Amino acid sequence: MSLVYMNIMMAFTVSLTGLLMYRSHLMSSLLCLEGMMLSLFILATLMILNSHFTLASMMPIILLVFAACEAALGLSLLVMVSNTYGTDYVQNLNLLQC
Amino acid sequence: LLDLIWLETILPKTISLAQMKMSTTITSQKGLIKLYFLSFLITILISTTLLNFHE
Amino acid sequence: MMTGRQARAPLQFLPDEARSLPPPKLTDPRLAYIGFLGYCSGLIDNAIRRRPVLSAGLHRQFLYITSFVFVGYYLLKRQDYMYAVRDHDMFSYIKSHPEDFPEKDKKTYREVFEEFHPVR
Amino acid sequence: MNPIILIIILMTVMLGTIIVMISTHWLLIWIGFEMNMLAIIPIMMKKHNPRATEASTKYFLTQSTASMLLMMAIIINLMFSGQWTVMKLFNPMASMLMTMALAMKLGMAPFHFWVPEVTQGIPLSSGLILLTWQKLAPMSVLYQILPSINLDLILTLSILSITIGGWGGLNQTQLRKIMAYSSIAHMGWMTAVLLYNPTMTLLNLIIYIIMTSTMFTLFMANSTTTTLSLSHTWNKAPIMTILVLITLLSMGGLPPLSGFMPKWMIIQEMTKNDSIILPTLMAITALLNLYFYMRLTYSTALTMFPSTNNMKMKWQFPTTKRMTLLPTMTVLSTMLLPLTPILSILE
Amino acid sequence: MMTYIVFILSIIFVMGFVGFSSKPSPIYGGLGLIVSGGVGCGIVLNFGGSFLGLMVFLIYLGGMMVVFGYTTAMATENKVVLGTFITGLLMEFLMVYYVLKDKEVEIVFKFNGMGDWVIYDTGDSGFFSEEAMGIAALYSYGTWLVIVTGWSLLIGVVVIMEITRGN
Amino acid sequence: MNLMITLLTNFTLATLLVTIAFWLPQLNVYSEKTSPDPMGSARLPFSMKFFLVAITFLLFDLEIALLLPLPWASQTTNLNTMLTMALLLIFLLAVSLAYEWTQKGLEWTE
Amino acid sequence: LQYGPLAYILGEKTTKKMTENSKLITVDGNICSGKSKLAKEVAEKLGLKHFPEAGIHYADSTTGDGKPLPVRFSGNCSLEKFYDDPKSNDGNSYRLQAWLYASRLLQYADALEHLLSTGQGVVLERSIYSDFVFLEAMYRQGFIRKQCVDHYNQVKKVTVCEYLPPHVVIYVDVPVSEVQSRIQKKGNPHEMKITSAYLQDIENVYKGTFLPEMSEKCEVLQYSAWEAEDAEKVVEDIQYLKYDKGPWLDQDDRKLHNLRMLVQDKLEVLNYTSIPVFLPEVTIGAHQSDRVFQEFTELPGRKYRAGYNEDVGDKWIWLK
Amino acid sequence: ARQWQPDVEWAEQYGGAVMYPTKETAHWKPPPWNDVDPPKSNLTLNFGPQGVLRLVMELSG
Amino acid sequence: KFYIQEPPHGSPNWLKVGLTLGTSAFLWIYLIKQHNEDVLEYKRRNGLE
Ligand SMILES: CCCCCCCCCCCCCCCCCC(=O)OC[C@H](COP(=O)(O)OCCN)OC(=O)CCCCCCCCCCCCCCCCC
Ligand SMILES: Nc1ncnc2c1ncn2[C@@H]1O[C@H](COP(=O)(O)O)[C@@H](O)[C@H]1O
């Protein structure tokens with residue numbers, strides 16, 4: 001298939017591996033998650049425009065709306081954690097081991 | 001020597017102490033999220049390359 | 001397993017061809033066991049809230065028994081329907097494939113040589 | 001939380017799972033998962049302590065990563081088929097990605113590491129919702145896409161889930177983590193019989209939902225979180241110890257309890273297909289779950305741990321709680337094995 | 001070169017994702033993701049999807065990344081960053097040189113090495129963009145889609161007001 | 001291609017003006033100095049209010065994103081369905097704003 | 001359930017009845033501060049309901065036939081044996097103190113339940129914010145150990161966080177000399193067997209922690225002995241208050257509805273009173289708990305749920 | 001003489017975070033009983049004269 | 001009078017007990033009606049009369 005499809009998939013897997021290796025910040029996890037969403041938007045948009053499948057042109061907008069509401073929910077979770085501890089560190093979240 | 005010690009040991013006790021040991025090692029986890037998501041990454045890489053599960 | 005059959009008639013609990021089957025009798029052992037489960041539900045219901053277990057809520061224990069028999073009768077109808085559909089599909093497939101199910105010649109035991117193994 | 005808002009949010013959770021179940025379009029499957037997560041997050045944060053915020057953070061990240069992998073699997077299906085029907089996938093790689101995403105949504109191993117933490121952080125009723133209702137949607141999607149699932153992948157996930165969920169719960173004293181490793185083990189048991197006969201998958205789903213529903217209703221009825229708090233029930237209410245006795249013995253699959261029914265039908269279906277070894281290792285693993293259920297019953301019911309003086313005051317207050325359907329869910333979860341051929345209603 | 005402009009913007013898109021995915025900070029992570037959103041929007045715009053690229057700029061970089069930078073800037077105020085950056089860039093440029101010399105590459109699927117202009121259509125669509133009519137069909141056809149999306153956004157407002165309340 | 005040339009010209013003129021503005025008054029020599037704020041050295045207090053108005057913007061922006069193809073949606077054959085879903089979306093935006101009002105969401109950013 | 005969330009759905013809001021007269025006031029003092037009649041006079045001059053001081057048999061005073069039950073079913077403890085033998089062998093001191101704190105938590109739950117279900121204010125007597133003043137006195141006397149105090153503070157940590165403090169706290173300045181004078185002027189010989197440093201420890205924990213830790217999260221009042229003899233001046237001081245402290249200000253229907261759903265569930269209030277911490281002073285063993293529970297099944301009106309007992313003549317049980 | 005019911009020490013076996021403490025999972029304290037942790041401030045400004053008045057605020061946001 | 005408070009179940013809730021007995025009798029008569037319709041439909045489809 002197309003080579004730009006390989007580059008968008010490699011962008012998705014790069015932001016995947018950035019999401020699967022936490023450094024410190026929870027905001028970095030959310031930014032890797034929304035980079036995953038962005039690569040999904042680009043890939044779905046290129047496939048839908050390329051095949052001229054007209055009724056799926058409304059699909060990437062719905063993807064964008066749902067995952068942006070997902071990101072707003074994530075930011076509210078991060079702000080509750082930032083009120084609890086002070087940072088958005090992931091090593092603060094070690095209460096539920098016991 | 002046999003029927004309070006060795007026959008008592010061979011079938012139930014080695015199983016008992018081995019399940020105790022492996023029960024400790026499975027829940028020997030330090031409860032940190034970086035550990036578990038790095039294990040998810042090692043899961044994805046071993047599943048793709050090491051196991052031929054995409055075939 | 002049989003989801004290709006009940007995909008043209010969706011969400012029907014008991015289809016129109018189920019009424020060709022004989023319904024489970026009201027004296028069925030399965031239905032009477034479900035009524036026993038209703039009695040046990042009444043007993044544990046009085047037990048968890050500290051009532052006289054064998055006396056309190058005869059209306060309530062009778063409602064448990066009535067409700068379990070009422071649900072279990074339709075469940076037994078669906079059970080008998082699905083097993084009847086299973087045997088009907090199997091037998092129509094056996095008739096529509098004669099070549100896959102051969103009539104094996106049943107050997108009489110005068111030809112059947114099993115090796116004798118002595119016990120001593 | 002406002003009760004009208006609580007009813008609207010719970011109906012949004014149920015609406016998300018219904019939209020996963022009824023829809024024929026992949027985007028509507030993904031939308032149902034998004035609605036499910038988006039409405040279940042405040043159910044976990046009903047009490048607004050730091051443990052619920054941590055649990056909802058871990059739950060949100062795991063279900064969000066799973067939903068992004070689900071949309072990637074859908075998008076590669078749109079590459080290799082140009083269409084959106086919810087049926088078998090026309091790509092091995094989309095099959096592997098969607099099976100991994102549904103494994104992260106079920107909490108199956110080796111994506112299981114969020115289940116005991118999120119079960120421990122949240123309250124008991126939201127834990128009940130998590131461990132019963134949230135398994136209904138990805139098992140429906142796995143019920144629909146089984147002509148494309150890699151056999152070795154789903155069996156590896158299944159046996160690794162059973163071994164980790166068995167060899168984990170032997171150490172625990174928290175009741176919610178015991179239910180969480182029970183969840184991991186039972187989802188291994190459900191997905192292992194999936195490609196052989198999925199009616200047994202739905203049977204194990206019903207019997208698991210009934211047993212976990214009974215157990216969390218008992219845990220809400222006594223307000224117990226640990227093993228010792230469960231074992232101090234005998235002087236507060238003696239019958240609740242008997243009920244957790246019989247139901248914990250059911251969840252490991254004792255004969256002739258009804259929790260023996262699903263895995264007996266699973267070994268009955270896996271040996272039809274000339275797998276003798278794999279259900280043998282699975283039944284060897286399930287005896288560990290049976291062992292720590294025995295340990296919990298020796299803690300709670302068959303012995304009587306010594307109480308305090310304050311229990312005499314709680315003698316004088318019977319339980320003012322909504323124990324909704326608890327005798328019904330106890331009778332169904334233990335005395336159902338004589339009705340084993342009722343499983344054909346799920347065909 | 002200019003025939004390969006979607007490929008060039010795709011390479012810049014991957015370089016931006018390796019740039020912020022090595023995670024120096026949430027601030028520079030947001031900065032790199034903004035630059036990546038712009039170049040991925042350019043990738044969308046080079047296939048004729050002008051409305052979806054303007055949805056990227058108006059919604060993604062317009063609302064959501066602005067709220068990410070807004071929350072980052074008021075709630076926060078390496079070796080491994082540079083090493084992971086050069087690791088990912090070496091992986092990407094090995095892939096680039098492979099497909100430059102071979103005109104074919106298989107990472108997971110098999111892929112072409114031509115310019116990605118070769119996957120188009122040669123006709124005209126009359127007096128409408130096709131994608132404009134497809135999004136205009138959201139209201140006349142997508143009744144169920146608009147219902148579930150609007151209900152999810154209403155419950156999104158309700159959920160955020162519940163969990164940011166603190167009590 | 002005219003668009004990318006124009007964007008390159010505007011970005012290049014802006015970058016050139018910024019380089020000149022940062023490096024022309026460095027050619028002056030004048031001197032060096034010591035150079036030692038209502039809040040002195042305290043940590044920045046996190047305002048819940050600002051975050052709430054940012055998320056309220058983001059949710060109403062998503063509802064706007066659903067509302068955007070209406071000038072193209074008026075051209076449809078199926079006008080009753082189109083008009084019903086359009087008034088439905090603007091009413092759901094109004095219900096979002098009304099729930100934001102009445103359950104005390106717009107406080108100290110009213 | 002007569003009250004549930006369906007009651008809140010159908011319109012039973014808690015700020016309808018919550019007028020300005022629905023104020024929670026607690027009058028406090030030492031063992032002989034003489035506040036028991038001041039509480040009744042303030043209750044009959046402000047239109048508030050008075051609750052007598054909870055002792056061993058407060059749960060007996062709420063449940064059943066109302067009479068104080070035998071000391072094996074309720075309490076397993078006494079104030080008089082605490083007065084005779086404060087450094088007792090079996091540890092009756094902390095057992096009595098834990099039973100008293102459980103009874104005060106039940107009393108304060110009844111106070112908030114009355115204040116939220118009827119809207120009628122409650123004059124309290126040594127509420128749950130003023131119960132550790134006796135425990136710390138017992139510990140400073142050496143009547144108990146450290147782990148008893150840690151057990152009580154764990155139970156306090158998992159109970160008092162859910163409840164709101166009262167509006168007004170009235171404190172009665174009576175010195176220890178007048179307290180011992182009224183001890184001799186009572187006539188109870190167990191109560192006459194109390195030394196000086198215990199009353200001094202109660203006074204010290206009072207004036208050093210309780211009024212300083214409540215002077216910010218409620219309105220505290222401090223009065224002497226003689227000026228509290230006229231309760232109408234106290235009622236005058238109550239009627240001219242500018243409420244700006246406590247968490248009473250930021251209460252909607254929903255927070256107080258959570259509080260009302262919490263306080264009417266008696267077992268959920270009494271839940272973490274008995275956390276499973278094996279402290280041997282309060283630990284009643286399994287055979288003894290068996291014996292007293294089976295005898296509790298044998299009491300008239302205690303065998304079943306209260307509307308199902310056939311030894312007291314409940315009718316229509318077969319239709320219940 | 002009679003039937004053995006457990007002592008305190010047998011029930012102490014089921015009163016921790018895990019049944020068997022190992023050397024790695026030994027640092028655990030048991031979680032709170034009501035499942036609530038302790039959560040673990042007001043702004044001050046110093047307006048200079050930049051008549052002239054030096055206001056010093058104590059702000060609550 | 002024995003109890004110091006009036007208990008929540010001192011008198012039977014006649015609404016609830018009437019609902020119990022009426023719903024149970026309704027389920028029995030509807031069950032027997034459906035069963036008689038089923039056996040008559042069986043004997044009408046198979047012609048066993
Ligand atoms: C092929 C299969 C097809 C599908 C078949 C059907 C599957 C059905 C699965 C049902 C699972 C139900 C899980 C829970 C659903 C939501 C109800 C719930 O959790 O309500 C919580 C609610 C909270 O009330 P609140 O005021 O917050 O009080 C908490 C403390 N103050 O209230 C409470 O906490 C009340 C406490 C008791 C609640 C008990 C509810 C039991 C309901 C489930 C019954 C068993 C499952 C159904 C039968 C088998 C079906 C397979
Ligand atoms: N630790 C304690 N020592 C003595 N009395 C206590 C203690 N805790 C509560 N009290 C009660 O407080 C009362 C003192 O108030 P008064 O009714 O004025 O005597 C005693 O009679 C006891 O009922």
# chains A, B, ... in the order shown; residues from 1 in each chain; ligands from 1
$ interface_residues --of "chain I" --to "chain C" --cutoff "10 Å" --atoms "only C-alpha atoms" --output "MDAnalysis selection string"
chainID I and resid 17:28 30:32 35:46
$ select_by_dssp --residues "chain A" --states "helix (DSSP H, G or I)" --output "VMD selection string"
chain A and resid 3 to 19 26 to 50 54 to 84
$ write_last_selection --atoms "C-alpha atoms" --output "PDB file, in the first residue's frame"
ATOM      1  CA  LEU A   3       3.931   4.920   1.988  1.00  0.00           C
ATOM      2  CA  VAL A   4       2.391   7.899   3.770  1.00  0.00           C
ATOM      3  CA  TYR A   5       0.144   5.306   5.447  1.00  0.00           C
ATOM      4  CA  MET A   6       3.312   3.656   6.762  1.00  0.00           C
ATOM      5  CA  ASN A   7       4.546   6.997   8.078  1.00  0.00           C
ATOM      6  CA  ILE A   8       1.252   7.779   9.832  1.00  0.00           C
ATOM      7  CA  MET A   9       1.243   4.282  11.360  1.00  0.00           C
ATOM      8  CA  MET A  10       4.843   4.767  12.478  1.00  0.00           C
ATOM      9  CA  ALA A  11       3.795   8.081  14.024  1.00  0.00           C
ATOM     10  CA  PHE A  12       1.045   6.223  15.895  1.00  0.00           C
ATOM     11  CA  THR A  13       3.468   3.565  17.136  1.00  0.00           C
ATOM     12  CA  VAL A  14       6.006   6.214  18.180  1.00  0.00           C
ATOM     13  CA  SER A  15       3.412   8.007  20.296  1.00  0.00           C
ATOM     14  CA  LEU A  16       2.315   4.564  21.529  1.00  0.00           C
ATOM     15  CA  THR A  17       5.822   3.748  22.798  1.00  0.00           C
ATOM     16  CA  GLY A  18       6.009   7.239  24.260  1.00  0.00           C
ATOM     17  CA  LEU A  19       2.761   6.482  26.071  1.00  0.00           C
ATOM     18  CA  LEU A  26       0.796  12.643  33.535  1.00  0.00           C
ATOM     19  CA  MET A  27       0.404  15.482  31.042  1.00  0.00           C
ATOM     20  CA  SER A  28       3.053  13.786  28.902  1.00  0.00           C
ATOM     21  CA  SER A  29       0.886  10.660  28.942  1.00  0.00           C
ATOM     22  CA  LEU A  30      -2.119  12.709  27.828  1.00  0.00           C
ATOM     23  CA  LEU A  31      -0.085  14.388  25.083  1.00  0.00           C
ATOM     24  CA  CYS A  32       1.122  11.010  23.800  1.00  0.00           C
ATOM     25  CA  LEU A  33      -2.510   9.870  23.895  1.00  0.00           C
ATOM     26  CA  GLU A  34      -3.665  12.839  21.854  1.00  0.00           C
ATOM     27  CA  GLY A  35      -0.807  12.320  19.420  1.00  0.00           C
ATOM     28  CA  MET A  36      -2.212   8.820  18.970  1.00  0.00           C
ATOM     29  CA  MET A  37      -5.612  10.421  18.310  1.00  0.00           C
ATOM     30  CA  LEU A  38      -4.095  12.873  15.833  1.00  0.00           C
ATOM     31  CA  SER A  39      -2.429  10.094  13.844  1.00  0.00           C
ATOM     32  CA  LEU A  40      -5.772   8.244  13.825  1.00  0.00           C
ATOM     33  CA  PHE A  41      -7.407  11.401  12.433  1.00  0.00           C
ATOM     34  CA  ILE A  42      -4.813  11.794   9.680  1.00  0.00           C
ATOM     35  CA  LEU A  43      -4.902   8.118   8.685  1.00  0.00           C
ATOM     36  CA  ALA A  44      -8.703   7.836   8.662  1.00  0.00           C
ATOM     37  CA  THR A  45      -8.971  11.109   6.753  1.00  0.00           C
ATOM     38  CA  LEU A  46      -6.516   9.985   4.062  1.00  0.00           C
ATOM     39  CA  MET A  47      -8.323   6.655   3.600  1.00  0.00           C
ATOM     40  CA  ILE A  48     -11.762   8.275   3.483  1.00  0.00           C
ATOM     41  CA  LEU A  49     -10.738  11.004   1.042  1.00  0.00           C
ATOM     42  CA  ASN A  50      -8.794   8.552  -1.101  1.00  0.00           C
ATOM     43  CA  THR A  54     -18.597  10.122   0.862  1.00  0.00           C
ATOM     44  CA  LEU A  55     -20.622   9.132   3.931  1.00  0.00           C
ATOM     45  CA  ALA A  56     -17.509   8.506   6.011  1.00  0.00           C
ATOM     46  CA  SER A  57     -16.417  12.127   5.642  1.00  0.00           C
ATOM     47  CA  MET A  58     -18.413  12.804   8.816  1.00  0.00           C
ATOM     48  CA  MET A  59     -16.507  10.050  10.644  1.00  0.00           C
ATOM     49  CA  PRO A  60     -13.236  11.944  11.445  1.00  0.00           C
ATOM     50  CA  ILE A  61     -15.194  14.846  12.954  1.00  0.00           C
ATOM     51  CA  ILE A  62     -16.941  12.383  15.269  1.00  0.00           C
ATOM     52  CA  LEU A  63     -13.554  10.839  16.125  1.00  0.00           C
ATOM     53  CA  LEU A  64     -12.237  14.326  16.928  1.00  0.00           C
ATOM     54  CA  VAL A  65     -15.265  15.275  19.061  1.00  0.00           C
ATOM     55  CA  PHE A  66     -15.333  12.064  21.115  1.00  0.00           C
ATOM     56  CA  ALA A  67     -11.623  11.895  21.739  1.00  0.00           C
ATOM     57  CA  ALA A  68     -11.408  15.598  22.543  1.00  0.00           C
ATOM     58  CA  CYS A  69     -14.144  15.116  25.148  1.00  0.00           C
ATOM     59  CA  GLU A  70     -12.048  12.156  26.301  1.00  0.00           C
ATOM     60  CA  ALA A  71      -9.057  14.506  26.625  1.00  0.00           C
ATOM     61  CA  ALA A  72     -11.123  17.033  28.596  1.00  0.00           C
ATOM     62  CA  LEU A  73     -12.061  14.227  30.988  1.00  0.00           C
ATOM     63  CA  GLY A  74      -8.367  13.370  31.231  1.00  0.00           C
ATOM     64  CA  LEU A  75      -7.434  16.958  32.056  1.00  0.00           C
ATOM     65  CA  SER A  76     -10.021  17.028  34.835  1.00  0.00           C
ATOM     66  CA  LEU A  77      -8.564  13.802  36.257  1.00  0.00           C
ATOM     67  CA  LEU A  78      -5.089  15.351  36.073  1.00  0.00           C
ATOM     68  CA  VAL A  79      -6.284  18.487  37.863  1.00  0.00           C
ATOM     69  CA  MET A  80      -7.780  16.396  40.677  1.00  0.00           C
ATOM     70  CA  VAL A  81      -4.429  14.593  41.021  1.00  0.00           C
ATOM     71  CA  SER A  82      -2.651  17.982  40.944  1.00  0.00           C
ATOM     72  CA  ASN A  83      -4.891  19.150  43.783  1.00  0.00           C
ATOM     73  CA  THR A  84      -4.114  16.000  45.766  1.00  0.00           C
TER      74      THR A  84
END
$ closest_residue --among "E:66, E:133, E:105, E:148" --to "chain D" --atoms "only C-alpha atoms"
E:148
$ select_by_dssp --residues "chain H" --states "strand (DSSP E or B)" --output "PyMOL selection string"
chain H and resi 18+43-47+55-59
$ interface_residues --of "chain F" --to "chain H" --cutoff "12 Å" --atoms "only C-alpha atoms" --output "PyMOL selection string"
chain F and resi 37-50+108
$ write_last_selection --atoms "C-alpha atoms" --output "CSV table (one decimal), in the first residue's frame"
chain,number,residue,atom,x,y,z
F,37,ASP,CA,6.3,41.4,41.3
F,38,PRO,CA,3.4,41.7,43.7
F,39,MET,CA,4.1,38.2,44.9
F,40,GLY,CA,7.8,38.0,46.0
F,41,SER,CA,8.9,34.3,45.8
F,42,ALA,CA,5.8,32.2,46.6
F,43,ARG,CA,4.7,29.2,44.5
F,44,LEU,CA,2.0,29.9,41.9
F,45,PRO,CA,-1.5,29.3,43.3
F,46,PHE,CA,-3.5,26.9,41.1
F,47,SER,CA,-6.8,28.5,40.2
F,48,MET,CA,-9.6,26.0,39.8
F,49,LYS,CA,-11.7,28.8,38.2
F,50,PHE,CA,-9.4,29.2,35.2
F,108,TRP,CA,-16.3,33.9,39.9
$ interface_residues --of "chain B" --to "chain D" --cutoff "10 Å" --atoms "only C-alpha atoms" --output "JSON, numbers by chain"
{"B": [19, 20, 21, 22, 23, 24, 25, 26, 27, 28, 29, 31, 33, 35, 36, 37, 39, 40, 41, 42, 43, 44, 47, 48, 51, 52, 53, 54, 55]}
$ write_last_selection --atoms "N, CA and C atoms" --output "PDB file, in the first residue's frame"
ATOM      1  N   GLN B  19       3.337 -23.425  45.636  1.00  0.00           N
ATOM      2  CA  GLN B  19       2.263 -22.473  45.369  1.00  0.00           C
ATOM      3  C   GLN B  19       2.361 -21.271  46.293  1.00  0.00           C
ATOM      4  N   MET B  20       2.852 -21.469  47.525  1.00  0.00           N
ATOM      5  CA  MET B  20       3.132 -20.340  48.410  1.00  0.00           C
ATOM      6  C   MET B  20       4.198 -19.419  47.815  1.00  0.00           C
ATOM      7  N   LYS B  21       5.282 -20.006  47.292  1.00  0.00           N
ATOM      8  CA  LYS B  21       6.372 -19.226  46.704  1.00  0.00           C
ATOM      9  C   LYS B  21       5.920 -18.468  45.459  1.00  0.00           C
ATOM     10  N   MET B  22       5.196 -19.140  44.565  1.00  0.00           N
ATOM     11  CA  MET B  22       4.774 -18.477  43.336  1.00  0.00           C
ATOM     12  C   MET B  22       3.631 -17.497  43.583  1.00  0.00           C
ATOM     13  N   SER B  23       2.824 -17.725  44.627  1.00  0.00           N
ATOM     14  CA  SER B  23       1.842 -16.733  45.049  1.00  0.00           C
ATOM     15  C   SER B  23       2.510 -15.477  45.566  1.00  0.00           C
ATOM     16  N   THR B  24       3.628 -15.635  46.276  1.00  0.00           N
ATOM     17  CA  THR B  24       4.377 -14.458  46.692  1.00  0.00           C
ATOM     18  C   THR B  24       5.013 -13.750  45.502  1.00  0.00           C
ATOM     19  N   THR B  25       5.544 -14.501  44.527  1.00  0.00           N
ATOM     20  CA  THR B  25       6.230 -13.848  43.410  1.00  0.00           C
ATOM     21  C   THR B  25       5.286 -13.191  42.409  1.00  0.00           C
ATOM     22  N   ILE B  26       4.047 -13.672  42.272  1.00  0.00           N
ATOM     23  CA  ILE B  26       3.108 -13.002  41.369  1.00  0.00           C
ATOM     24  C   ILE B  26       2.631 -11.677  41.962  1.00  0.00           C
ATOM     25  N   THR B  27       2.308 -11.656  43.254  1.00  0.00           N
ATOM     26  CA  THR B  27       1.947 -10.419  43.943  1.00  0.00           C
ATOM     27  C   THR B  27       3.129  -9.819  44.688  1.00  0.00           C
ATOM     28  N   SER B  28       4.330  -9.944  44.117  1.00  0.00           N
ATOM     29  CA  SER B  28       5.521  -9.236  44.573  1.00  0.00           C
ATOM     30  C   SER B  28       5.678  -7.878  43.906  1.00  0.00           C
ATOM     31  N   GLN B  29       4.580  -7.267  43.483  1.00  0.00           N
ATOM     32  CA  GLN B  29       4.618  -6.079  42.647  1.00  0.00           C
ATOM     33  C   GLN B  29       4.651  -4.810  43.485  1.00  0.00           C
ATOM     34  N   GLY B  31       3.555  -1.854  42.794  1.00  0.00           N
ATOM     35  CA  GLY B  31       2.418  -0.958  42.675  1.00  0.00           C
ATOM     36  C   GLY B  31       2.666   0.327  41.923  1.00  0.00           C
ATOM     37  N   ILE B  33       3.073   2.547  38.370  1.00  0.00           N
ATOM     38  CA  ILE B  33       2.372   2.494  37.092  1.00  0.00           C
ATOM     39  C   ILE B  33       3.350   2.405  35.925  1.00  0.00           C
ATOM     40  N   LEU B  35       6.117   0.687  35.933  1.00  0.00           N
ATOM     41  CA  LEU B  35       6.456  -0.732  35.847  1.00  0.00           C
ATOM     42  C   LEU B  35       5.444  -1.494  35.000  1.00  0.00           C
ATOM     43  N   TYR B  36       4.156  -1.234  35.224  1.00  0.00           N
ATOM     44  CA  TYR B  36       3.122  -2.004  34.551  1.00  0.00           C
ATOM     45  C   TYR B  36       2.979  -1.605  33.089  1.00  0.00           C
ATOM     46  N   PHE B  37       3.078  -0.310  32.779  1.00  0.00           N
ATOM     47  CA  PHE B  37       3.003   0.084  31.373  1.00  0.00           C
ATOM     48  C   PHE B  37       4.278  -0.268  30.602  1.00  0.00           C
ATOM     49  N   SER B  39       5.828  -3.043  31.255  1.00  0.00           N
ATOM     50  CA  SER B  39       5.527  -4.448  30.989  1.00  0.00           C
ATOM     51  C   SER B  39       4.509  -4.610  29.866  1.00  0.00           C
ATOM     52  N   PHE B  40       3.593  -3.648  29.702  1.00  0.00           N
ATOM     53  CA  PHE B  40       2.700  -3.665  28.540  1.00  0.00           C
ATOM     54  C   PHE B  40       3.484  -3.470  27.244  1.00  0.00           C
ATOM     55  N   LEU B  41       4.504  -2.605  27.273  1.00  0.00           N
ATOM     56  CA  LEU B  41       5.341  -2.396  26.090  1.00  0.00           C
ATOM     57  C   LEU B  41       6.132  -3.653  25.743  1.00  0.00           C
ATOM     58  N   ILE B  42       6.722  -4.287  26.761  1.00  0.00           N
ATOM     59  CA  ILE B  42       7.437  -5.547  26.563  1.00  0.00           C
ATOM     60  C   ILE B  42       6.489  -6.653  26.096  1.00  0.00           C
ATOM     61  N   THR B  43       5.232  -6.630  26.561  1.00  0.00           N
ATOM     62  CA  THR B  43       4.187  -7.507  26.034  1.00  0.00           C
ATOM     63  C   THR B  43       3.977  -7.312  24.537  1.00  0.00           C
ATOM     64  N   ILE B  44       3.804  -6.059  24.102  1.00  0.00           N
ATOM     65  CA  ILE B  44       3.519  -5.785  22.693  1.00  0.00           C
ATOM     66  C   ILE B  44       4.705  -6.166  21.806  1.00  0.00           C
ATOM     67  N   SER B  47       5.105 -10.029  21.781  1.00  0.00           N
ATOM     68  CA  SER B  47       3.995 -10.600  21.026  1.00  0.00           C
ATOM     69  C   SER B  47       4.164 -10.405  19.527  1.00  0.00           C
ATOM     70  N   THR B  48       4.706  -9.261  19.111  1.00  0.00           N
ATOM     71  CA  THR B  48       4.907  -9.035  17.685  1.00  0.00           C
ATOM     72  C   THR B  48       6.114  -9.807  17.155  1.00  0.00           C
ATOM     73  N   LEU B  51       7.054 -14.211  19.055  1.00  0.00           N
ATOM     74  CA  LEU B  51       6.100 -15.302  19.168  1.00  0.00           C
ATOM     75  C   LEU B  51       5.379 -15.683  17.885  1.00  0.00           C
ATOM     76  N   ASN B  52       5.530 -14.905  16.805  1.00  0.00           N
ATOM     77  CA  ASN B  52       4.829 -15.107  15.526  1.00  0.00           C
ATOM     78  C   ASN B  52       3.315 -15.165  15.711  1.00  0.00           C
ATOM     79  N   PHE B  53       2.791 -14.287  16.561  1.00  0.00           N
ATOM     80  CA  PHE B  53       1.358 -14.253  16.822  1.00  0.00           C
ATOM     81  C   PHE B  53       0.605 -13.347  15.864  1.00  0.00           C
ATOM     82  N   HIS B  54       1.314 -12.560  15.058  1.00  0.00           N
ATOM     83  CA  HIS B  54       0.691 -11.794  13.993  1.00  0.00           C
ATOM     84  C   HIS B  54       0.483 -12.624  12.736  1.00  0.00           C
ATOM     85  N   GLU B  55       1.089 -13.803  12.665  1.00  0.00           N
ATOM     86  CA  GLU B  55       0.926 -14.681  11.522  1.00  0.00           C
ATOM     87  C   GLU B  55      -0.371 -15.464  11.662  1.00  0.00           C
TER      88      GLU B  55
END
$ residues_around --residues "residue G:56" --least-positions-apart "5" --cutoff "8 Å" --atoms "only C-alpha atoms" --output "VMD selection string"
chain G and resid 74 to 75 77 to 78 96 99 to 100 103
